[PDB]
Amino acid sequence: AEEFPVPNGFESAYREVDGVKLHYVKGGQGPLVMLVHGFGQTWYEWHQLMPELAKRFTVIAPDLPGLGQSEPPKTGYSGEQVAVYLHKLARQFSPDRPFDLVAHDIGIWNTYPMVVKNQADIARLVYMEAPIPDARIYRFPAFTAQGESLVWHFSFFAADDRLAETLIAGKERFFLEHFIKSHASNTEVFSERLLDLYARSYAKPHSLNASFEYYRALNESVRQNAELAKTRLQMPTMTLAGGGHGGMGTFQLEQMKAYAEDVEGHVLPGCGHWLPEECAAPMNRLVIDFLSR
């Protein structure tokens, strides 16, 4: 069965990419824009933006390898390895023209290498709500005067003995609500039903493992990006971040200025990590305006 409701005018489909069967939801007409979700979620986080973008663009929203309805990767979970799959998927649908890319959270980790390595293929770029993996992330505090930090999960998820799978198995719904709401300012939008849907998807045993394998590969992605970042990004770029509890604040744009020559940024007040759901109206407006200019 489909894990999430598909909007009218969109199709749920699959494509084999380098031996890995990727799930995506596609609709609209025109130049291609690919939307890439992040941790704890699936293509469905984009379901409010997709019909609006589909008025002017062909829109494709894949499930990351191992998450949603996509098969796990065959190579590995580092950013360079996963970006191969996403690049080839986008190029199957836009072989003769560059495409636009919008990415959220670890979607950034899993697309940055193919952006920097195939710059001619990317017309415009939108990155929101996560650091590109580099040594800046080693400075985030573990514990705060406000209590539980927003980043202690980096170490928990990365632990090489699969501690996270071991402890969260059987408690997937409790943990996901904790994680999502503690990174949200607008907690109201995360209803019992929405959390149930996301929890069922990432509780699939291979998806729970895949979720944390992205973090187990994070230091490898850092090492990869230290080489890749010697070439700066030249296409027009926009960053978005939440300015409320749970967000990246000014860090998103400040980091991106070290990676991109042509970058504008926005911080959305009263919004946390989950921008498409917490602050859909202003976020959708910014993304559509940036891509439509």
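Each residue number is its position in the shown sequence, starting from 1.
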Q. According to the deposited model, is the average Cα temperature factor higher in 14-22 or in 271-279?
A. 14-22
Q. So 122-130 or 175-183, which one's hotter by mean CA B-factor in the entry?
A. 122-130
Q: Return the residue from 35, 67, 233, 248 that has the highest Cα B-factor in the entry.
A: 233
Q | Selection by C-alpha B-factor (highest) of 97, 193, 153, 104 | A | 97
Q) Within this chain, which third does the Cα B-factor at residue 76 fall in: lowest, middle or highest? A) highest
Q) Of the three thirds of its chain by CA temperature factor, lowest, middle or highest, which one includes residue 135? A) middle
Q: Would you mind ranking residue 213 by its C-alpha B-factor against the rest of the chain and naming the third, lowest, middle or highest?
A: lowest
**Q.** Relative C-alpha B-factor of residue 141, binned into the chain's lowest, middle or highest third
**A.** lowest
(Q) Splitting the chain's C-alpha B-factors into thirds, which one does residue 239 fall into? (A) middle
